[PDB]
Amino acid sequence: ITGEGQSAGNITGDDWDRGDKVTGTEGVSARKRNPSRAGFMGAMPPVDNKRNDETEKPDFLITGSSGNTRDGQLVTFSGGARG
Amino acid sequence: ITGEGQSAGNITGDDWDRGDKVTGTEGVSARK
Amino acid sequence: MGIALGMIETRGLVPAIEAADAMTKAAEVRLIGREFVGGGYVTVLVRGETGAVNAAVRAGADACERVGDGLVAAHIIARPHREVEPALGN
Amino acid sequence: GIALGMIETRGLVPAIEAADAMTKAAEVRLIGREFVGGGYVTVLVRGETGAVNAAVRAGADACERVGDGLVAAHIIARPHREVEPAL
Amino acid sequence: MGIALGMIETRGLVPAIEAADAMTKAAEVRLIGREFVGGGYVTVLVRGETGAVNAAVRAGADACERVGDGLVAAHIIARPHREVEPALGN
Amino acid sequence: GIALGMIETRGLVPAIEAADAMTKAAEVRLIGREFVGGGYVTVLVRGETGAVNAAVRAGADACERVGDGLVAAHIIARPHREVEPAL
Amino acid sequence: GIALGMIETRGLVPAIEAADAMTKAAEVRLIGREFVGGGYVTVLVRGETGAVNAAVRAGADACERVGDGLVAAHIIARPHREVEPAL
Amino acid sequence: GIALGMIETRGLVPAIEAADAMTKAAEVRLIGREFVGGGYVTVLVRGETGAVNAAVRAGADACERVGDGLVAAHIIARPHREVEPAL
Amino acid sequence: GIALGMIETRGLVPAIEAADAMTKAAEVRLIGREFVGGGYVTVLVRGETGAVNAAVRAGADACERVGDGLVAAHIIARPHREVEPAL
Amino acid sequence: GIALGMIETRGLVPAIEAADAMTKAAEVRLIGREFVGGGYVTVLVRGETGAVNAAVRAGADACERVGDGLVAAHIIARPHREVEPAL
Amino acid sequence: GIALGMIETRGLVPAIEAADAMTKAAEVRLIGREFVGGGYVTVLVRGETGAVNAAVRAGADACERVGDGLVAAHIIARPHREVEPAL
Amino acid sequence: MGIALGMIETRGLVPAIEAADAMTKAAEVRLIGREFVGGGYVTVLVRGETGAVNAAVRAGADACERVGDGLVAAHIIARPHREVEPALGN
Amino acid sequence: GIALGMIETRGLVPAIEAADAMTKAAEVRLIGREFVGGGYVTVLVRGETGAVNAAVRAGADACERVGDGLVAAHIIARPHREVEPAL
Amino acid sequence: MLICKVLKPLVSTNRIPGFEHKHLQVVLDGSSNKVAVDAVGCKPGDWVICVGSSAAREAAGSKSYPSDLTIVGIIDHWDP
Amino acid sequence: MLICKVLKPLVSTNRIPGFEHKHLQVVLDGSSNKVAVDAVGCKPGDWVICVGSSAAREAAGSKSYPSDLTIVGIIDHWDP
Amino acid sequence: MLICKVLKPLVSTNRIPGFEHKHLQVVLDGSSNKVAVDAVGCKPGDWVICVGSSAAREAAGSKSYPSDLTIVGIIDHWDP
C-alpha cells in the first residue's frame, strides 16, 4: 500500500492495476495462506533512548556539548567557571 | 564523605567499599 | 504467453459474453475458454499480462453485473501454478 | 506494445517533468507533445500495458505539484485499430 | 527476465518469508534476495514484470499485515536502472 | 521433508526453548538459528506437514509465557522451491 | 549542456525578463521560446547543473514580481534521450 | 548431568554477573555467552540438573536490579542433541 | 567530480528508491550502500555538485513518503581527501 | 590481581572517557571493549580489588554526564575460575 | 598527534558531516569509523590539543542541526597507553 | 609502599591529629605530612594502599566531625601521579 | 610551551585534585604550589595551550565539588617574560 | 562608486541565501577581478557602476542581505 | 566578491566566541594571505569565493557574529 | 582575518572611552604598522590573528564599542 505511490495516482482515468472489487488473490482471505501466530501480547520491544540523565549541567564546555556560547576558555573570570 | 566522590559512585553494582551496616571501625562509636 | 489468468462466471452466458467483450476490449488478453459449468452457469477464461488481466477484469466487473440476471462470480489469478494448466485445457 | 498513456496539464513544466517521469519509470516511447491552447498541454506515450501503467503512476506522482496541477491522468491498454490514423 | 524489482521489508523472517511464499505462489516471479537490515528490518527482493510484481506485492501486503508485527513498506520499482544493479549484488 | 515451520521470538532463551519443543514434539529436523537483530531470533525447522504443524503448535503454546514471549506462529505447508536462498 | 531548465509564465514580460536573467547568469543556451496558447509562454535553457540552477533561481525570483509573474519553474538534471523530439 | 541452564538480560554485565553466580553457586560449567543483538545477552551454563536449577535460582535472585534487569532464565534438563548445533 | 551526495533512511525501500532517483535524475556514481544497524540504511554517491544536488533533491522528494521515509539528507560538495580511504 | 571492573553505556564517548578514567585513577589493565549492539557499549578492566574499586569510582564519576548516561556500573572482587574461558 | 577526539551520533549523516569538518578544520588524522550498532556511529580523530579542539567544536556545532544530530563529543588530552588496544 | 595518597584538612590541629591517630590506629598506614595552609586550614597527608587509605579516611571523618569546628574535606586519590610527588615534598 | 594554567581553591584537597587532573589529563609541568593564606591554595602549571586548556577543564570539573571546591580558575596562554622571574 | 567593467558570469554552489544572491557576476574595476550581484544588466560589459558597503544591502533588496558590492547602474556614454 | 584560493587550516586559541567561528581557514586572494570561516568546503582549495563586510555576519549565521570575511561558495569551473 | 605580528605596546591619552579600550598594541600585518586591542596575549609577538570591521565591536565586548580591529586569537604553530 506504500511502495511508490500505488494509490497516490488515483486520478488515473480508465484502466488501472489494484483491486476495486471481486479480485480474490490480493490478500483478502488469500494472504492468510500459511497459518501464522500472534502471541507476544506487547507488540514492539520497549527500546529506551540511551540519551537521558541530564539532571545537572554539562561540565563547563571544553569537553563535549554543542550549541551554546560563552568563551573559548578565555582569561575572563568565566574561564573555568565559564558555565 | 567528600574526598573524590565516595558516595557519588553509588550505582556501583555488587561489591563496594564503605560501611552499609555492622562495620564498627568507621567512626561510629569509634572515632570518639 | 502471459500466464496471468482472468476468469468470470455468470448465470447465463449473456453476462458471460459481456464479460468476454470487456476482456477483449480492455487489454491484451486472449480468451482461452468458454465453458458451461452446468445448470446455467457459464464462465470464461482469458490469459495475458498481469496488469492487462487486472484491467480487463476491472472492466468486466464494471460492465457485467447489471446485464439480465448479471454477474455471479469473478476474480483474478496472478501467477497460476503449472499443475493448474492441465485443468486449463492442458 | 500498443498501450497509450496520456496526461493533460496547464503549462509545460508540468508537461515536461511528467514526460521525464514517464520515460524514466519504464520503457515507453513519447509520441505526442501537443499544445491544445488555452493553457492545456498534453503528453502521449506508447508502451506495453504494465509499462504504461507504472510509468503514468510515476508521471502523475511527479507532476501533481506544478502550476495549478495535472488536469487529467488517463491511459488505455489498447486503443482500437482505427484510432491511430488520427493520432 | 522481468527487470521490475519488487521488494518489501518487515519485522522478522516469519512475515518476510510468508510474503515471499505469497509472491511466489500468487505470481510466477523469482525472488533474488533476503537481507537483514538490522533491528528487525528484514527485506525480500524479487524480480518480475510490472504486472506480476504488482500482483506479488499486493499478495504480500495482504498476507503479511496479519502476521508478526506486520509489514512496513510496500512500494516497488517498475524499471530499475543499471546502476542500482550492483547494489543488488550484481 | 519439504514442509518448513519457523518462528521468531524476542530473546534467545524462548527461541531455544521453542526449538527444543520442536525437536521433541514431533519428528523434525531444524535447519535455521538466525539472529534477526534487535532481539528477534528465528528458528527454522524442516519436516513433513503433520509433524511440523503439531511441533510448531506445541512449541508456540509452550513458549508463549517463556521469557519475553513469541512473535508469530503461522506455518506454510508446501513451500515453493524458490525459497532455496532461505537455506 | 544536457542539463535542462525552463521558465513558464503568463505573458512574456516575465518570460523575456526571466530569459534575459537566464542568459545573464551563466554560459547557458536558450534553445527555444514557445507560445503555449491562452497566455502561457515558455522559455527553454540548456547547460550544466550548477549554471542552470543559478540561472533559473535568479530569473524566477526576478520575474515573480514583474507584471503577473512566473507560474512554475523546475530543473531536469539528466534529461531523457527524447529531448530531441521534445524540441 | 547433561542439563543446560540459560540466563537472559538487558545487557551483558548483568548476564555475566549472573554467569558468575551460575559457576560460583553450583558445580555447573558455562558453555557460552551470546550477544543476541539490540542489547539482549544470553549465557548458557552446563551441568547437573539439580545444580543447574540451584545455580539459576541464585543468579535470578541476585540479578533483578543489576544493569537494567533480567529477561529470561529458564532451563531444560534434557536439551536435545539436535540443540547442540545451536550450542 | 568528488561531490558527495548521500541519504539515510529507515528501512532500505526508501534507500533504493533514492538510489533510483540518483541513477535516473542525474549522472553520478553510486559509491556505497551501508547497513548501519538499528534500521538505518545509507546510500552514498559521487558526482558533479549541481548534478548531485539535483539527484539528492529528487531522492528526497521521492523516498520521503515510502514506508518510514528518509531520516536525514544533506549534500557534500568537496569532501576532504583524508575522508576517502574510510569510504 | 583478578578483580574485574565493568561499565555499560550508550555510545563511545562515555565508554572511551570512562576507560580513560579507569586507567588514570589506578593501575588496571583494560581487557574488553565490546560493542553489544543496540547502542550498548561495555568496558572491562582487570586489576586488584582496591585498584578496581577506586578506578571504577573515577570512571563512573567521569562518565555519568555523557549521552543518556552510564547504564550499569558493576565490579567483582574475584570472578570464579570458570568465567574467563568465555571472557 | 596523541591528543584524541571523537564524534558520536545517531546515523552517519552527522557523522560524516562532522568528520568532514574534522579533516576540514586542521591537520588532523581520522583513524577510524566504527558502527556502534543500533544506529550510533563514531568517528575518531587524532592530533594536537588546539587543532583537535577547534576541529571537534566546529564539527559538533555544524552537525548538531543536520538530520538528527550529534549525541555527545569530548576530547582526551593525554590518552593512556591503552589507546593502541582501543583502536 | 602504598602510593595511594589519602589526606584531609580541618580547623586546627586538635581535629587534625585526632584524625591522624585514628588513621594510624584503625589502619596500618604511614602519614607523610602535616601542613598549615593558613587561616585554620591544617592538613594531614598519609600514604597507603587503596583499601587501607579508604578505611583510614573513613575513620578520620568519623572521629573528626565531633571535635573542634570539624572536618571540611574528606576525599582521597587512589593512584597519584609522579608529577604531584614533588608537590608532596619529593 | 609557556602556556600558564593555574587554579585557586579553598583548602588544598581540591588543589591537589586539580594537580592530579593536570598531570593525568595533559602533559604539562607543575611549576608552583603557593599557600596564599586565608585558605587560598594555588597550583601553577606550564605547557601547551591546548594541553593546558584540557588540563584546566579537567581540574575544574574534578575539584569543583571536593570540600569547599575551587574558587577561581582561568587560563593564561602567552604570559609576559617579565612575569616569569616573579614565579 | 566603483567603476566596473563586467567580465564573466558565475555558477551556483552550496550556500543557502543564494535565493536572493541573484546570479553574481565577475566584474573588473581596472585593477583586478571582483564579483557583484547583477541588478540591471551585465552583458559582456562595456562600463557599469558598482555600489558596496552597507548600502549594498538596501542596494540589493534587504537590510539583512549579505553583500559587499552590488552593481547599481549602467553608464551609457561610458568612459575611456 | 573576493575570489579566494584556500591555503591552509587554522588552530584554536583563547577566544570565547569560537563556538560560532567554525574552523577559520587561511585563504589567498592572489595577493597575500587572509583567513575566513569555512561554511561549505575548503579542501587544499582550487578556487572558492569569499564574502565580507557586514554581510559576513548574516553570511556566517548571526547579526551579532564577529567576522569581516566568510567564504560563501565554490566555483566549479574556477578561473585562471 | 588579518594575520598580524605584535610589535609594541601603547600609552594612554586624553580619550574618555579608554575604560574599554584595554591597552591597544601596535601590531604589523607584514606591510606596515597597525594597532589593535589586546584581548588574549600580545607578547613581543610571534604570530597572532586580528579581527576588525563591525565584528570588532562584539569581538571587543560591546555593540557600541569604538574599534576597527581587534586581535582575536593566537596561532600556536604560526606561519612563515
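Residues numbered from 1 in each chain as written, not as in the entry; some residues may be left out. Chains lettered and ligands numbered in written order. Part of a larger assembly, values for the part shown. Heavy atoms only, no water.

A.B. asks: Give me the lowdown on the side chain of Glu8(J), citing residues and values where you can.
C.D. replies: Residue position: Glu8(J) is located in strand β1 (residues 3–10). An unpaired buried charge is present at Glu8(J): no salt bridge exists, and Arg10(H), the closest side chain of opposite charge, is 7.8 Å distant. A polar atom in the side chain of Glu8(J) sits 2.9 Å from the backbone nitrogen of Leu12(H). The residues touching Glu8(J), leaving out its near neighbours within four places in the chain, are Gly11(H), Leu12(H), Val13(H), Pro14(H), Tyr40(J), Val41(J), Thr42(J), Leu70(J), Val71(J) and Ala72(J). (Helix = DSSP H or I, 4+ residues; strand = E, 2+ residues; numbered from the N terminus. Buried < 20%, exposed > 50% of the residue type's maximum accessible area, 1.4 Å probe, protein only. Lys, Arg positive; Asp, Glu negative; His and termini not counted. Salt bridge = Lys/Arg side-chain N within 4 Å of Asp/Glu carboxyl O. Polar contact = N/O pair within 3.5 Å; in protein donor to acceptor, adjacent residues only side chain to side chain. Contact = heavy atoms within 4.5 Å.)

A.B. asks: How would you sum up the packing of helix α1 (residues 13–26) of chain E against helix α2 (residues 50–64) of chain E? Please name residues and give values.
C.D. replies: Residues and elements named next belong to chain E. Contact geometry for α1 and α2: axes closest at 8 Å, N-to-C directions at 140 degrees. For the element pair α1 / α2, the angle class is oblique. As for the relative orientation of α1 and α2, their crossing is right-handed in sense. Facing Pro15, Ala19, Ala22, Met23 and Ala26 of α1, the residues of α2 in contact are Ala56, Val57, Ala59, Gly60, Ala63 and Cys64. Here the contact of α1 with α2 is composed, by residue class, of 10 nonpolar, 1 polar and no charged. (Axes fitted to C-alpha atoms, helices over the stretch in contact; angles between N-to-C directions. Parallel < 35°, antiparallel > 145°, perpendicular 65-115°, else oblique. Left-handed = near helix turned anticlockwise from the far one by under 90°. Nonpolar A, V, L, I, M, F, W, Y, C, P; charged D, E, K, R; others polar.)

A.B. asks: Go over the pairing of strand β5 (residues 69–74) of chain O with me, naming the residues and quoting the values.
C.D. replies: Residue and element names in this part refer to chain O. Most of β5 sits inside the fold, with 6 of its 6 residues counted as buried. With 5 bridges connecting them, strand β4 (residues 48–52) and β5 associate as antiparallel partners. In the sheet register, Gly52 faces β5, and the bridge partner there is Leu69. (Pairing = 2+ DSSP bridges.)

A.B. asks: I'd like a rundown of the UniProt feature "domain: BMC" in chain C, residues and numbers included.
C.D. replies: Per the UniProt annotation, the sites labelled "domain: BMC" are residues 4–89 of chain C. Secondary structure content for residues 4–89 of chain C is 33% helix and 38% strand, and the end C-alpha separation is 15 Å. (UniProt positions renumbered as here; feature names shortened; annotations may be inferred.)

A.B. asks: Account for the pairing of strand β3 (residues 40–47) of chain M, with residues named and values stated.
C.D. replies: Here is the key point about a regular strand: its side chains alternate between the two faces of the sheet. Residue and element names in this part refer to chain M. The buried fraction of β3 is high, at 7 of 8 residues. Note that strand β1 (residues 3–10) and β3 share 8 bridges and pair antiparallel. Considered in β3, the bridge of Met6 is made with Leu44. Alignment of strand β2 (residues 29–37) against β3, held across 7 bridges, turns out to be antiparallel. From the neighbouring strand, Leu30 faces β3, where its bridge partner is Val45.

A.B. asks: I'd love a proper account of the state of the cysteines, names of residues and values included.
C.D. replies: Residues and elements named next belong to chain O. One pass over the full model with this rule turns up 3 disulfides over all chains. One disulfide bridge connects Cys4 with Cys50, the sulfur atoms lying 2.0 Å from each other. Residues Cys4 and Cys50 are joined by a disulfide whose S-S torsion is about 95 degrees; by sign, that bridge is right-handed. Residue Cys4 is located in strand β1 (residues 2–9), and its partner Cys50 is located in strand β4; the two are separated by 46 residues in the primary sequence. The pair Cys4 / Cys50 is uniform in exposure class, with both members buried. (Disulfide = S-S within 2.5 Å.)

A.B. asks: Quick rundown of the sheet that holds strand β3 (residues 40–47) of chain G? Include the residues and the values.
C.D. replies: Residues and elements named next belong to chain G. Taken in spatial order, the 4 strands make up an open sheet running β2-β3-β1-β4, and their pairing is antiparallel. Of all strands in the sheet, those bounded by a partner on one side alone are β2 (29–37) and β4 (70–76). In this sheet, neighbouring strand axes are inclined to one another by 15 degrees on average, regardless of whether the strands run parallel or antiparallel. Sheet analysis places strand β1 (residues 3–10) next to β4, joined by 6 bridges and oriented antiparallel. Looking at β4, one finds that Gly5 is bridged to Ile75. Strands in contact with helix α1 (residues 12–25) are β1, β2 and β3; relative to β1, the strand with the most contacts, it is inclined by about 155 degrees.

A.B. asks: Lay out the pattern of salt bridges in plain terms, naming residues and giving numbers.
C.D. replies: Counted by the stated rule, this structure contains 32 salt bridges over all chains. With a shortest N-O distance of 2.5 Å, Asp61(G) and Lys22(N) are connected by a salt bridge. In this pair, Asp61(G) sits in helix α2 (residues 49–63) while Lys22(N) sits in the loop between α1 (18–21) and β2 (24–28), so the two residues belong to two different chains. Neither residue differs from the other here; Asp61(G) and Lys22(N) are each classed as buried. The residue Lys63(P) makes a salt bridge to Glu58(P) at a minimum N-O spacing of 2.7 Å. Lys63(P) gets classed as exposed once you look at its relative accessible area, which sits at 51%. Overlapping salt bridges bring together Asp48(A), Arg51(A), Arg10(J) and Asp68(J) as one network.

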